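Side-chain atoms are counted along with the backbone in the values below, which use heavy atoms only and exclude waters and symmetry mates. Order of listing sets the numbers, starting from 1, for every ligand and every atom in it. By convention here, the first residue in the shown sequence is residue 1.
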Amino acid sequence: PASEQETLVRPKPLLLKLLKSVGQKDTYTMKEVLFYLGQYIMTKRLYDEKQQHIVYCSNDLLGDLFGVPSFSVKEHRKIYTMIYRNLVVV
Ligand SMILES: CC[C@@H](C)Oc1cc2c(cc1OC)CC(=O)N(c1ccc(N(C)Cc3ccncc3)cc1)[C@H]2c1ccc(Cl)cc1
Ligand SMILES: [Cl-]
């Protein structure tokens, strides 16, 4: 649902650290978090050049945040769950 993107969130410390490397607020929308995380992934080239939907994060703080070595950007509910576990809904 498009509504979930409007959710107001306060990132936990590790996610806040990651967000500050790409964008400096106390409160974000889920929309903002998704775009900042997306830019983090793209900027750092964490995705497979020949398999672009797969993000590899075992050697990155993003893997610590998410608790996985990798994931597909197509795994939408999983992405939301991994993100939600790193924040407090306001
Ligand atoms: C599951 C939520 C879904 C419903 O909504 C969104 C997804 C995304 C963005 C915004 C969204 O809603 C506002 C911003 C964004 O940029 N995204 C992205 C897309 C492709 C690629 N990659 C690596 C594939 C890619 C393929 C071809 N060229 C460049 C990259 C990397 C990142 C995803 C996204 C995915 C994974 C993570 Cl942890 C955060 C954000
Ligand atoms: Cl890192």
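- Both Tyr28 and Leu14 belong to a common hydrophobic cluster when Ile, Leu, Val, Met, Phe, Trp and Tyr are linked at side-chain heavy-atom distances under 4.5 angstrom.
- When only non-hydrogen protein atoms are considered, atom 34 (C) of ligand 1 lies nearest to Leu34 O, 4.4 Å.
- When all heavy atoms of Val90 and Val9 are compared, the pair lying nearest together is CG2-C, 4.0 Å.
- Side-chain rings of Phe71 and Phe66 approach one another, their centers coming within less than 6.0 Å.
- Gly23 approaches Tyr36 most closely through the heavy-atom pair CA-CE2, 3.7 Å.
- Closest heavy-atom contact between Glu6 and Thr29: O-CG2, 4.3 Å.
- When hydrogens are left out, the protein atom nearest atom 17 (N) of ligand 1 is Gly38 CA, 4.2 Å; that is the closest non-hydrogen contact.
- The contact set between ligand 1 and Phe66, taken as ligand atoms under 4.0 Å from a residue heavy atom, comprises 38 (Cl).
- What sits closest to atom 29 (C) of ligand 1 on the protein, heavy atoms only, is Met42 CE, 3.7 Å.
- When hydrogens are left out, the protein atom nearest atom 13 (C) of ligand 1 is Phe35 CE1, 3.3 Å; that is the closest non-hydrogen contact.
- Counting only heavy atoms, the protein gets under 4.0 Å from atom 1 (C) of ligand 1.
- Other residues, nucleotides and ligands place more than 12 heavy atoms under 6.0 Å from the NZ atom of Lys12.
- Closest heavy-atom approach to atom 22 (N) of ligand 1 within the set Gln52, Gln39, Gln51: this belongs to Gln52.
- Closest to atom 12 (O) of ligand 1, if we only count protein heavy atoms, is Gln5 NE2, 3.0 Å.
- The nearest heavy-atom contact from the protein to atom 36 (C) of ligand 1 is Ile79 CD1, 3.8 Å.
- Inside a 4.0 Å radius of atom 26 (C) of ligand 1 there is at least one protein heavy atom.
- If you check the side chains of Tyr80 and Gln5, you find a donor sitting under 3.5 Å from an acceptor.
- Taking a cut-off of under 4.0 Å to the non-hydrogen atoms of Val73, the atoms of ligand 1 that pass are 21 (C), 22 (N), 31 (C).
- When all heavy atoms are compared, the tightest approach of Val55 to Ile41 is CG2-CG2, 3.9 Å.
- When only interatomic distances are considered, the shortest N/O to N/O separation between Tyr80 and ligand 1 does not fall below 3.5 Å.
- When distances from atom 39 (C) of ligand 1 to the protein are checked, a heavy atom turns up under 4.0 Å.
- The minimum heavy-atom distance linking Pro11 with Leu19 is given by the pair CG-CD1, 3.6 Å.
- Taking every non-hydrogen atom of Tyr47 and a distance limit under 4.0 Å, the qualifying atoms of ligand 1 come out as 23 (C).
- Smallest separation of non-hydrogen atoms from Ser72 and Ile79: O-CD1, 3.7 Å.
- In this structure, atom 3 (C) of ligand 1 lies nearest to the protein heavy atom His76 CD2, 4.1 Å.
- Atom 10 (C) of ligand 1 lies below 4.0 Å from at least one non-hydrogen atom of the protein.
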